[PDB]
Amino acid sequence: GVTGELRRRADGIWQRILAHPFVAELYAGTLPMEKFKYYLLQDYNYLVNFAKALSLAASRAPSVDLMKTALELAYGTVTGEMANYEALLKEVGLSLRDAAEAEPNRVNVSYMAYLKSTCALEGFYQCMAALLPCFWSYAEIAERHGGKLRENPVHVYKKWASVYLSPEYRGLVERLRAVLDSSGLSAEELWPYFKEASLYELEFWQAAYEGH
C-alpha cells in the first residue's frame, strides 16, 4: 500500500499537524472565534483553487473512470462543499462577498500555487499524491480529536468537524488511497509531492493560528 508508506515517511510532519494548537483548540472548543473567522476567510481561496487543481487533474487522467473520479470531486467542491462553506459563513456572521474580498495569506498563495502548478505540468497519479494530504489529514484529525467534540460548546465548530467524521467523507478518502495504490508507481517516486503538500498543510494551520 504505497499510500501507507507515503503516510509513514510523512509521520514526522503529520504528527506535528495532528498535535497543532489551532486544530486542538477547534475540536475542544477553546479556539477564539476571531482565529476561526480568519481561517474561514482563507478557506474560500483554498477551496476555489483546490477545485481548479482537481479539474486540471481530471483533464488528463489515464482512464475515463479516473477522470469521472476527479471531475465529480471537482464538481463536489464548488457546489457540495461550497454550500456547506456558505452556511458556516452565515452562522458566524460573514458572507461569500467578505470571503471573496478576503486576502489570501502567504502559505495560502504558495500552497495553491504549488497544487495548480503540479496538476498542470506533472503526471496524473503524481498530482493525486499531491492532493492526498488535504483529504486524508483532515480525516485523521477528526479521528484523533473527534472525541473532544462532545464537550465542545461552540455549535459552529461542531458543525465544521462533522463533515470529516462522516462516512461519506471517509469513504472519499478510501477511494483516493485506492487510486494511488492501484496505479503501479513506486512510493519513492511519489513522496516529493505528498511531502510538500503535507508540509504546506502544516504551514497552513500555523498561519490561521497566528492570524498571519
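The first residue of the shown sequence is 1; numbering continues from there.
Determine, for stretches 71 to 79 and 127 to 135, which one has the higher mean CA B-factor as deposited. Higher mean C-alpha B-factor: 71 to 79.
Averaged over C-alpha atoms, is the B-factor higher for 199 to 207 or for 5 to 13 in this PDB entry? The stretch with the larger mean CA B-factor is 199 to 207.
Tell me, please, which of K158, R170, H145, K35 has the highest C-alpha B factor according to the deposited entry? Going by the entry's C-alpha B-factors, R170 comes out highest.
Choose from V109, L96, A87, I141 the residue with the greatest Cα B-factor as stated in the PDB record. Most elevated C-alpha B-factor of the set, per the entry: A87.
Rank-wise, by C-alpha B-factor, drop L190 into the lowest, middle or highest third of its chain. It falls in the top third of the chain.
What third of its chain's C-alpha B-factors does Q42 belong to: lowest, middle or highest? Lowest third, going by the recorded CA B-factors of the chain.
Place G184 in the lowest, middle or highest third of its chain's C-alpha B-factors, as listed in the PDB entry. Top third by C-alpha B-factor.
Would you mind checking where the Cα B-factor of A178 ranks among the modelled residues of its chain, as the lowest, middle or highest third? For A178, the deposited C-alpha B-factor lands in the highest third.
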